[PDB]
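Step one of this worksheet: look at the structure below.
Please treat every number below as a calculation from the coordinates, not as lab data.
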């Protein structure tokens, strides 16, 4: 399957977080597509690209939901219809839950009642 990591960047969520994220992710997931967005158009771009290569899992990375975050839900809206699961691994302790909700759930969905 395909993996993607999208981030609110090169400004919005931080100034080194998106960088160590792209580095660490592409190192553990050299198959995946790691990118950032700063506006409605970059969200549209990265997502309308991910639906071409069919990103089975789309881990979005951002601060928290209020308004500066809209780019994260724009990408999630483009890929939710594309046919995949999309999540928002925020800077809060809820990071663990958000990651588990898809990067955990996916291998839990495509497996079976035996081993």
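Annotations
- Rounded to the nearest 10 degrees, the angle from helix 17-28 to the longest Cα principal axis of the chain is 30 degrees.
- The chain: antiparallel DSSP beta bridges as a percent of all, rounded to 5: 0 percent
- By definition, a body whose alpha carbon gyration tensor gives a ≥ b ≥ c is prolate when a/c is 1.5 or more and a/b is larger than b/c, and the chain fits this prolate description.
- Contact order, relative form, for the chain: 26 percent (alpha carbon pairs under 8 Å, 6 or more residues apart, mean separation divided by residue count).
- Relative to the longest principal axis of the Cα atoms of the chain, the long axis of helix 40-53 makes an angle of roughly 30 degrees.
- Length added when fully stretched, residue 99-residue 49, from 0.36 nm per residue minus Cα-Cα: 15.8 nm
- Helix 70-82 axis, angle to the chain major axis (alpha carbon atoms, nearest 10°): 30 degrees
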